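One structure below.
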Amino acid sequence: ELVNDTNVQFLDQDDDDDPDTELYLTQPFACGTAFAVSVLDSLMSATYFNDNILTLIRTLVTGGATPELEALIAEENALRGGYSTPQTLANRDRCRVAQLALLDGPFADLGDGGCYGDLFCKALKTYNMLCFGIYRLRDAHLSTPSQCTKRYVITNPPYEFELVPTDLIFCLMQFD
Amino acid sequence: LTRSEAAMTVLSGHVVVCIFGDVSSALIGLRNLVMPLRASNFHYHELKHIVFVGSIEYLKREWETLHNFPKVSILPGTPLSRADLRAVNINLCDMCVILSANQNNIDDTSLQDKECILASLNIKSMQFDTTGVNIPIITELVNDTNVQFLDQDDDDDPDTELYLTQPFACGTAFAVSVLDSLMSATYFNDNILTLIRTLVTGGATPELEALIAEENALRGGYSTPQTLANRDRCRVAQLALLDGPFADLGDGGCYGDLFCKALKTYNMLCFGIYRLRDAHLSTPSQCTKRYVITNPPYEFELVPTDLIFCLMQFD
Amino acid sequence: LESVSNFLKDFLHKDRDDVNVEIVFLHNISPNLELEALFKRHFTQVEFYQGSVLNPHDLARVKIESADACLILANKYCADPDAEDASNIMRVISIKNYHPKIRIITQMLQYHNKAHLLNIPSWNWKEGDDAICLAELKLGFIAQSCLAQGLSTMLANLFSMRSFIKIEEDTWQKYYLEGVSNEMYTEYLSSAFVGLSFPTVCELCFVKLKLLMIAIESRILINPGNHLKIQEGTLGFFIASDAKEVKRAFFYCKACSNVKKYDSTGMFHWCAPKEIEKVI
Ligand SMILES: [Ca+2]
Ligand SMILES: [Ca+2]
Ligand SMILES: [Ca+2]
């Protein structure tokens with residue numbers, strides 16, 4: 001967590017730094033290794049133009065806290081334990097966010113330069129997996145090998161998009 | 001008390017005092033709240049129980065001033081906690097009093113009353129197996145302009161003097177600035193401050209001032225016929241116009257007739273009525289708010305819903 | 001300058017549309033230094049006015065009666081978070097006390113203070129009043145990044161309105177700036193999708209009409225299972241390059257038990273309250 005987003009320039013040394021760059025362009029932010037509360041300033045304008053957005057973000061990020069949970073916590077100021085019931089158990093059946101490795105048997109055969117769209121289609125139709133981005137190695141586009149372990153985020157790849165076997169898949173996966 | 005002890009203690013008809021306070025904050029002077037509620041005019045079963053809800057750290061350096069009064073309790077807590085307000089049965093009290101010690105530590109006009117306004121809103125919004133909006137609350141305000149935030153079915157304007165405002169007229173807000181005219185009142189008539197003092201303090205005498213000035217605490221004494229004769233003062237009370245001895249006159253009948261009979265039969269001397277805000281309307285209403293009428297002019301109608309302010313004899 | 005500049009460059013961003021909505025600011029202090037310059041850069045639709053939101057005459061000047069929504073910004077760097085949120089609740093009750101039906105959006109520095117906002121009788125989140133708790137979302141994005149690294153930068157890029165930037169050099173920025181170009185959007189599903197299961201419409205709308213669908217209004221759920229078939233009038237959340245591109249999702253019609261393991265509602269794992277000496 002950074003209090004001043006201009007200080008992000010000190011977090012990496014194999015990057016390029018410039019005081020006029022907006023935080024979202026910088027290597028340590030693009031790789032997901034820095035966060036600053038200033039990136040939430042545009043959540044004001046996003047929520048004005050569409051009221052549903054903050055509801056989605058809240059459910060996706062908080063671990064799905066409901067209006068009933070808000071009321072119980074507002075009354076008792078602490079999370080209160082309860083005994084098991086079939087309804088308390090049915091409440092577990094949400095999706096959870098996860099990363100999938102494209103080196104495992106059920107997908108690695110398509111991780112050969114094959115299409116993201118085909119991976120999306122089969123993982124959706126066979127497991128209800130719904131991938132929504134890839135975490136690609138910073139140097140994977142180079143012809144030379146590299147020792148660099150840094151990855152950066154691709155959101156909603158455009159179909160016909162190649163999967164290198166090194167990629168990590170962002171996905172939403174069912175309970176069991 | 002811890003919450004569990006307060007919860008199984010069957011508190012009802014009692015007073016809750018909610019204190020915003022801290023180890024840095026100045027002494028409120030709580031002896032002056034408790035003493036008028038401990039006057040020997042009340043019978044021991046007629047005494048309203050008192051609960052302080054707030055920082056114990058703060059109460060710990062005041063409580064020796066009020067450690068000789070009988071029915072008193074403390075809950076270590078915060079008035080913003082719904083759990084604390086439930087543990088002390090806030091739906092069953094005769095009054096909730098909201099006070100702050102933090103009046104002097106920042107002066108920004110907004111920052112002076114935040115806690116009290118949040119506390120009164122937090123009690124109003126409660127739910128019980130009724131809503132909390134019917135609960136009797138009185139709030140001390142440091143800035144009388146902030147009174148506009150205490151109610152929402154009112155009308156607000158920055159140039160209005162406090163005495164005109166709905167929450168003050170209903171008796172749910174108080175500000176020490178209303179006592180500024182007690183300077184001029186006491187210059188023009190020296191007797192006034194003597195009357196107010198006897199009527200308000202629980203009748204503390206010059207002899208009581210001397211004993212407290214010497215010993216700094218209220219000192220107990222054994223019963224004597226003179227110590228017992230000292231109980232025979234009047235005490236202020238509210239009378240409900242739905243009871244058998246008066247409800248037959250609570251039909252649109254005259255306040256003057258009620259005054260005359262209650263005076264001549266019980267020595268009751270009523271001096272005002274507490275009327276429902278909406279009682280003049282033709283429609284019924286859910287509004288429980290009452291406002292104060294002082295010295296009604298004779299020929300004045302009594303609706304059966306009215307509460308009578310009166311001074312009543314000991315027995 | 002450090003609070004309005006990130007807000008203005010998104011609200012007045014060129015890629016959304018060329019519409020005029022934002023036209024007024026109010027604060028008790030005068031807009032000195034490098035701030036009036038940022039108002040000059042947007043002259044036709046900014047208009048700062050000096051006045052305090054605690055005063056109903058200043059609410060009456062800036063026409064709160066028909067102001068659509070009011071936005072309240074927090075001092076993120078304040079010395080007392082609980083005093084800030086109480087102060088911003090004073091502003092909320094000031095505005096609601098003056099006008100019942102204005103929409104309010106507010107920043108909260110602490111999570112607990114969102115309870116206090118629900119005590120106000122004229123506040124209702126069912127009509128689009130809401131609070132953006134910065135501690136809740138900040139620590140929540142970090143928490144979900146502990147499950148999948150980079151998710152906190154993925155989510156933060158879905159709100160900020162950004163155009164597609166073309167890059168010719170084959171660097172990592174080329175693929176990144178393509179993924180940054182989209183936002184979260186939402187639309188009502190076409191009647192052509194009613195009566196069939198969520199995974200099947202996801203595959204259809206990704207393949208045939210190039211929209212990724214994430215969630216649906218079963219109040220609000222995320223990637224629902226293959227047993228859940230779509231009702232008429234469901235709202236459906238999408239990731240897309242631009243708002244004008246989500247419209248196809250509507251316009252399409254064939255064409256081309258003895259122990260407490262959990263909290264009281266089963267949403268979270270739970271245990272009996274430990275002592276700190278047990279976990280140190
Ligand atoms: Ca650097
Ligand atoms: Ca008001
Ligand atoms: Ca974007």
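Methodologically, a virtual Cβ is constructed for each residue, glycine included, from the backbone with ideal geometry; neighbour enumeration extends over all protein chains shown. Since every read-out is calculated from the coordinates, none of them should be taken as a lab result.
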Radius ratio Rg over Rh of chain C, counting only Cα atoms, Kirkwood formula for Rh: 1.00
Averaged over A:85-97, number of beta-carbon atoms from partner chains that fall within 10 Å: 5
Spin-label model distance (nm) - A:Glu162 vs C:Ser5, 7 Å beyond Cα toward Cβ: 4.0 nm
Two-site label geometry, B:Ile293 and A:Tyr83: point separation in nm, points 7 Å out along Cα→Cβ: 5.8 nm
Ascending count of other beta-carbon atoms within 10 Å, so fewest first, for B:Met268, B:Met126, C:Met154: B:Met126, B:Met268, C:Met154
Per-residue Cβ neighbour rank within 10 angstrom, fewest leading, C:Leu209, A:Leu72: C:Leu209, A:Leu72
Region C:1-95, relative contact order in percent, only Cα pairs under 8 angstrom and at least six apart counted: 25 percent
Dipole axis of the protein assembly as shown (+1 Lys, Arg; -1 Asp, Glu on Cβ), positive-most option in B:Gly256, B:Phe188, B:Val176: B:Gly256
In region B:213-309, the GluC sites (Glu not before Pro) that fall in loop regions by DSSP, at most 11 other Cβ within 10 Å: B:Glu299
Region A:135-174 - percent relative contact order, Cα under 8 Å, separation 6 or more: 49 percent
Base-10 log of normalised Debye intensity for region B:1-109 (one unit scatterer per alpha-carbon) at q = 0.14, 0.20, 0.23 Å⁻¹: -0.56, -1.10, -1.37
Measure of compaction for region B:183-315 (Cα Rg per 2.2 N^0.38 Å): 1.38
Inter-centroid distance (Cα atoms) of region B:141-201 relative to region C:239-264, Å: 57 Å
All Cα pairs of chain B, percent lying beyond 28 Å: 49 percent
Region B:18-30 - phi-based ³J(HN,Hα) in whole Hz, Karplus 6.51/-1.76/1.60, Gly and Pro as x: 9, 10, 7, x, 7, 4, 7, 8, 5, 5, 5, x, 4
Computed label-point distance, nm, for sites C:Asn226 and B:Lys48 using a 7 Å Cα→Cβ extension: 6.8 nm
Nonlocal amide H pairs with B:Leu141, under 5 Å, H built at 1.01 Å: B:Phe174, B:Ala175, B:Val176
J(HN,Hα) series, region A:50-57, from Karplus relation 6.51 cos²θ - 1.76 cosθ + 1.60, nearest Hz, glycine and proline x: 8, 5, 6, 4, 4, 5, 4, 4
Mean separation of Cα contacts under 8 Å, 6 or more apart, over the residue count of region B:1-105: relative contact order %: 48 percent
Euclidean distance of C-alpha centroids, region A:5-71 and region C:87-132, integer Å: 23 Å
Long-range amide H partners of C:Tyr188 with built H, under 5 Å: C:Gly236
Per-residue average of Cβ from other chains inside 10 Å of C:174-183: 6
Unit charges on C-beta of K, R, D, E only; dipole of region B:1-152, Debye: 460 debye
Calculated [θ] (222 nm, deg cm²/dmol) that DSSP helices of n ≥ 4 give over chain A, each run adding -39,500 (n - 2.57): -7500 deg cm²/dmol
Debye, to nearest 20: dipole size of the protein assembly as shown, +1 on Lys, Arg Cβ, -1 on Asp, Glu Cβ: 2140 debye
Percentage of interatomic Cα-Cα distances in the protein assembly as shown larger than 35 Å: 59 percent
Reciprocal of mean inverse Cα separation for region A:29-88 (Kirkwood radius, Å): 14.6 Å
Chain C: antiparallel DSSP beta bridges as a percent of all, rounded to 5: 55 percent
Other-chain or far-sequence residues with amide H under 5 Å of B:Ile74's (modelled H): B:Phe52
Net charge dipole size for region A:56-107 [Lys, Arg +1 and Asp, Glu -1 on Cβ; Debye, nearest 20]: 140 debye
Vicinal HN-Hα couplings computed from phi for region A:109-125 (Karplus, 6.51 cos²θ - 1.76 cosθ + 1.60; Hz; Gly/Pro x): 4, 8, x, 10, x, x, 7, 3, x, 5, 5, 3, 4, 6, 5, 4, 6
Burial ordering of C:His116, A:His141, fewest other beta-carbon atoms within 10 Å first: A:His141, C:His116
